[PDB]
Amino acid sequence: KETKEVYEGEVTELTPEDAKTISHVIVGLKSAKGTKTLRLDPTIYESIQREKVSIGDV
Amino acid sequence: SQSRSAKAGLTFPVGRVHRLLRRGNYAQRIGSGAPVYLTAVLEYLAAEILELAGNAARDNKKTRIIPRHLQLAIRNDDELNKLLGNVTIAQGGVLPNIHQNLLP
Amino acid sequence: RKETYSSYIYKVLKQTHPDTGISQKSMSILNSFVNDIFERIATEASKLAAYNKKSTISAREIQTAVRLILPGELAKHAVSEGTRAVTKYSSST
Amino acid sequence: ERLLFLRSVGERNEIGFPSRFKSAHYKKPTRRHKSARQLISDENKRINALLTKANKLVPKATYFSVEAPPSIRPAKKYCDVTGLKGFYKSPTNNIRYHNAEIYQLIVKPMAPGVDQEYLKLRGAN
Amino acid sequence: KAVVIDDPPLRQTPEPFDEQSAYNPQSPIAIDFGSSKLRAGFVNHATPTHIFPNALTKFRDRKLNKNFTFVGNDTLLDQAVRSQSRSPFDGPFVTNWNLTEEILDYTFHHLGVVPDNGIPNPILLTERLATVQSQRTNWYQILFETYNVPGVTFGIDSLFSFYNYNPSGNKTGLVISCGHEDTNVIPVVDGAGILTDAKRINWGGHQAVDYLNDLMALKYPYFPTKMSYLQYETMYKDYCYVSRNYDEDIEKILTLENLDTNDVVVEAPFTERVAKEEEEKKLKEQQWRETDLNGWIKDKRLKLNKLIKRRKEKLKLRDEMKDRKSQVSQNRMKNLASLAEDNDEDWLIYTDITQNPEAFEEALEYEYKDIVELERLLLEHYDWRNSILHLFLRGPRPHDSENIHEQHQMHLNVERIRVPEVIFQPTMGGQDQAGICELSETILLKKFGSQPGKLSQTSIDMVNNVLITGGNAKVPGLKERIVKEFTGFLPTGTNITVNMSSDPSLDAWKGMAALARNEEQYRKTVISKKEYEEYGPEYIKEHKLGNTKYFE
């Protein structure tokens, strides 16, 4: 038995902070029913930076 | 610094036509858009004539521009002939035209 | 310093037909043609300036004179290119 | 009857120089017209004069701080003729059109002096 | 069936006036000096007793040689006196104050006031947000000199309507007002308008009707009848609505099934051997048509199709010859120079290279006659639904150019939603400003100590009390669109309440009446004669319902 949890939408804020190692990344997501902000892991930030994700992408 | 022709993106001069407009006593006051408008019009007209002349010179399979090609370009084109229906040409010749009944 | 338009029409010929040369009689044809067009357009603009009690020649009078002199397709292309050049020159910021 | 009913209304609305609904001191002044374009001019010239006096302070609520700033998102492009979505823009007169038949029937054969008030609606002339 | 528009019908009964017996010289009097309408009436009533347009005519009689004066509803009596009405306003400001003085005298006469050395009642007046110093200087001058008023207060009509719908005077909310000449967004904290964060868009009802008039003038350049401002105002009032989603409605606004229900048509008001061989061929053709009509009809249809294909190829050749940059013109120039640079066949080629402008027309007429004969032989034995332009002008029906009634018709298909969209996208009207939703977003999400992502308590209280006012809020679909945008940019689960009255053009006067009925907070806003004589016309009374000072 497993569960699936998905966040998707348009990026409205991508602000990382360090200490040269990033501590955590705040990402803001937006959809048609509203918006929601998240805290994120540095490894997921590396995965975001791999995909060339900027402000305004889905 | 730099000239006004590159400021307006042209190759023809702007101060030269401003000077020629100035003491040409057309009027005692001349605005700033007057030489750039005249410069752009002269640009387009010279470019169109040079396009048709180069096409006629290539059409002759001969690598220079001879006034026979200028005559061919002037009279083959419709409204260039309308603009230049008054001026006689130097060393140009006459376009070949035979009326239909003279052919037997 | 006898003044003529030789270099400028040499380059605008050179941006479209690189391996082509001009004869000197032809060189004189383009020089006289440019001077004749300049004289016709400028005297029509001066006549239209004297039309309206106006002591200044601006771009609007020359646009009206270009629309008066040229045939129609040449006229609309000339005012299009001249308007683009004027808007290029005016927004020098 | 139409030429008399207006007179009958006009006599029911007498306003005189010694006005009942007015103070004793009229002292009817004379002013220049002062249209709406130069009211902005003398207002910001007065504001600039006060600010340059203060520099040799900070505004709070003037007519020009109330003005809305330009937007930060890109603006939508629409066809100038039909008002639909504008895919293409003509290179001669900078008119945005929808498709081919709009271009061939309107944008190409248009009279010269009609594109300017097509561009005046969005303020692009 | 196309509906017929015209001028609005004229008023019959003249404007009456209140009795002078009920007047008392101590009650205040409220005046809403609007750019489009004037609203005046005494404080003790709930609704104003005098509503009329802000207009004035200097009527001239040819017979009596007397200058008359018709104000407001009395200008709605003749067509000539309606068409020559003049407003004291010029844009968002007032230019000529003689018209305003005459209009104020008219409305003082109609209120049944018996004065003595000026008006004894204090007045309540509205003013524009961040008004020019000259305007308040002139207002102070004309009031305190020509009318001897004891007390004056100034305020914005948006804050008056907010006070009308929140009479406690200390609530927190957001005000959106769509006026005649501008649209404002004002945030309110604890009942006091925060005027350092208010914003204004230069667009109103007047610009919208002018936009519709310009669009109709550009759409139908050969319209034979001239339309007035009032007719375009009726078309703007009747058949304009705000779309739920403008970004996708324009993709399906010109389909055929959508145009069946969402198209409005508006009608302007107005008041021997060769002969024997030919006869034998005709007899043989008649015998073949009587013998085998199907085969003869098929052969005639094939001949007509071949003639049509030949005509299409000839028209394509004629169009291709007209292009100077085409390859056909280059081949013509190559052949012409080939006859000008270096036999009977070459002679025939030179004869065949001649210009045929009228010969092509004669050959096209002959081919049209041959196609007509082929169609007649087929009888004996270009769709407008694919044209976006035809759907744009003449809708989903075929068009008759010869019909006199169809020559005065006017269709409204894209302009029903294009006109009200300018308050959300001001760039379409020519103003380089942000829209309503953008300004509301940058107010709620980045001000009053609200970082983007979490809302402060002030922002939550602002969202929970959004009020829409103004005369231009009569457009349907506005509230649902604002609610959809607001829940678009806000965090999920945020409660959104949007309030709009039944008539959003009379809430300002009810705000004046509610402030004047509340005696305690009245006296913070009144300006006495001694106050104006002491601190001069350069004086701003800071209160919770009016303007503030220009600096800090």
# chains A, B, ... in the order shown; residues from 1 in each chain; ligands from 1
>>> residues_around(residues="segment 23-38 of chain A", least_positions_apart="6", cutoff="7 Å", atoms="only C-alpha atoms", output="number ranges by chain")
A: 9-17, 45; E: 453, 487-492
>>> interface_residues(of="chain B", to="chain E", cutoff="10 Å", atoms="only C-alpha atoms", output="list in words")
residues 55, 56, 57, 58, 59, 60, 61, 68, 69, 72, 73, 76, 77, 78, 93, 94, 95, 96, 97, 98, 99, 100, 101, 103 and 104 of chain B
>>> closest_residue(among="D:50, D:34, D:73, D:109", to="chain A", atoms="only C-alpha atoms")
D:73
>>> residues_around(residues="residue 190 of chain E", least_positions_apart="6", cutoff="12 Å", atoms="only C-alpha atoms", output="PyMOL selection string")
chain E and resi 162-163+166+168-174+458+461-462+465+544-545
>>> write_last_selection(atoms="N, CA and C atoms", output="tab-separated table (two decimals), in the first residue's frame")
chain	number	residue	atom	x	y	z
E	162	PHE	N	-18.43	53.84	1.14
E	162	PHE	CA	-17.91	52.90	2.12
E	162	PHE	C	-18.44	53.19	3.52
E	163	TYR	N	-18.53	54.47	3.88
E	163	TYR	CA	-19.12	54.84	5.16
E	163	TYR	C	-20.61	54.54	5.19
E	166	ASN	N	-20.71	50.86	5.80
E	166	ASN	CA	-20.08	50.50	7.07
E	166	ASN	C	-20.22	51.68	8.01
E	168	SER	N	-20.22	52.16	11.15
E	168	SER	CA	-19.47	52.26	12.40
E	168	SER	C	-18.27	53.19	12.26
E	169	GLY	N	-17.72	53.31	11.05
E	169	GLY	CA	-16.65	54.25	10.81
E	169	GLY	C	-15.28	53.81	11.25
E	170	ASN	N	-15.09	52.52	11.55
E	170	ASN	CA	-13.77	52.04	11.95
E	170	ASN	C	-13.44	50.69	11.32
E	171	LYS	N	-14.14	50.30	10.26
E	171	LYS	CA	-13.92	49.01	9.64
E	171	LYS	C	-12.72	49.07	8.71
E	172	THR	N	-12.33	47.90	8.20
E	172	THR	CA	-11.21	47.77	7.28
E	172	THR	C	-11.70	47.05	6.04
E	173	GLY	N	-11.46	47.64	4.87
E	173	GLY	CA	-11.92	47.04	3.64
E	173	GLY	C	-11.19	47.62	2.45
E	174	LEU	N	-11.61	47.17	1.27
E	174	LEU	CA	-11.04	47.61	0.00
E	174	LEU	C	-12.15	48.20	-0.85
E	458	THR	N	-4.33	42.54	8.52
E	458	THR	CA	-4.89	43.67	7.79
E	458	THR	C	-5.29	43.28	6.38
E	461	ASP	N	-8.45	41.10	6.57
E	461	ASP	CA	-9.62	41.93	6.79
E	461	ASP	C	-9.96	42.77	5.56
E	462	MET	N	-8.95	43.14	4.78
E	462	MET	CA	-9.21	43.85	3.52
E	462	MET	C	-9.91	42.95	2.52
E	465	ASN	N	-13.72	42.27	3.09
E	465	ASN	CA	-14.66	43.40	3.03
E	465	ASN	C	-14.48	44.21	1.75
E	544	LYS	N	-10.87	61.23	8.37
E	544	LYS	CA	-10.90	59.85	7.89
E	544	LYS	C	-11.67	59.67	6.59
E	545	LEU	N	-12.31	60.71	6.07
E	545	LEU	CA	-13.13	60.58	4.88
E	545	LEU	C	-12.70	61.51	3.75
>>> interface_residues(of="chain C", to="chain D", cutoff="9 Å", atoms="only C-alpha atoms", output="ChimeraX atom specification")
/C:76-77,80-81
>>> write_last_selection(atoms="N, CA, C and O atoms", output="short mmCIF file (atom, residue, chain, number, x, y, z; two decimals), in the first residue's frame")
data_model
loop_
_atom_site.label_atom_id
_atom_site.label_comp_id
_atom_site.auth_asym_id
_atom_site.auth_seq_id
_atom_site.Cartn_x
_atom_site.Cartn_y
_atom_site.Cartn_z
N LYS C 76 3.64 55.01 -51.27
CA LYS C 76 3.35 54.35 -50.00
C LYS C 76 4.60 53.68 -49.43
O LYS C 76 4.84 53.73 -48.22
N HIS C 77 5.47 53.15 -50.30
CA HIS C 77 6.71 52.57 -49.80
C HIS C 77 7.68 53.64 -49.32
O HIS C 77 8.38 53.44 -48.32
N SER C 80 6.47 54.87 -45.97
CA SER C 80 6.72 53.84 -44.96
C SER C 80 8.18 53.84 -44.51
O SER C 80 8.47 53.85 -43.30
N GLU C 81 9.11 53.89 -45.47
CA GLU C 81 10.52 53.84 -45.12
C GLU C 81 10.95 55.14 -44.43
O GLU C 81 11.71 55.10 -43.46
#
>>> residues_around(residues="residue 517 of chain E", least_positions_apart="4", cutoff="9 Å", atoms="only C-alpha atoms", output="list in words")
residues 43, 44, 512, 513 and 522 of chain E
>>> write_last_selection(atoms="N, CA and C atoms", output="PDB file, in the first residue's frame")
ATOM      1  N   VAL E  43     -30.866  66.538   4.194  1.00  0.00           N
ATOM      2  CA  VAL E  43     -30.227  65.493   4.989  1.00  0.00           C
ATOM      3  C   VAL E  43     -31.263  64.534   5.572  1.00  0.00           C
ATOM      4  N   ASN E  44     -32.416  65.059   5.995  1.00  0.00           N
ATOM      5  CA  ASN E  44     -33.433  64.263   6.678  1.00  0.00           C
ATOM      6  C   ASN E  44     -34.100  63.217   5.787  1.00  0.00           C
ATOM      7  N   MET E 512     -23.165  60.786   2.398  1.00  0.00           N
ATOM      8  CA  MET E 512     -23.277  62.143   2.943  1.00  0.00           C
ATOM      9  C   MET E 512     -24.396  62.242   3.970  1.00  0.00           C
ATOM     10  N   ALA E 513     -25.546  61.632   3.674  1.00  0.00           N
ATOM     11  CA  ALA E 513     -26.676  61.679   4.596  1.00  0.00           C
ATOM     12  C   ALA E 513     -26.376  60.928   5.889  1.00  0.00           C
ATOM     13  N   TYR E 522     -19.393  64.292  12.878  1.00  0.00           N
ATOM     14  CA  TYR E 522     -19.582  65.398  11.945  1.00  0.00           C
ATOM     15  C   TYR E 522     -18.518  66.470  12.143  1.00  0.00           C
TER      16      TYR E 522
END
>>> atom_distance(atom1="atom CA of residue 36 of chain D", atom2="atom CA of residue 92 of chain E")
8.1 Å
>>> closest_residue(among="C:27, C:65, C:83, C:73", to="chain E", atoms="only C-alpha atoms")
C:73
>>> residues_around(residues="residue 479 of chain E", least_positions_apart="4", cutoff="10 Å", atoms="only C-alpha atoms", output="PyMOL selection string")
chain E and resi 242+244+467-468+473+475+483-485+498-500
>>> residues_around(residues="residue 75 of chain D", least_positions_apart="6", cutoff="12 Å", atoms="only C-alpha atoms", output="ChimeraX atom specification")
/D:122 /E:247,424-428,430-435
>>> closest_residue(among="D:61, D:4, D:47, D:54", to="chain E", atoms="only C-alpha atoms")
D:61
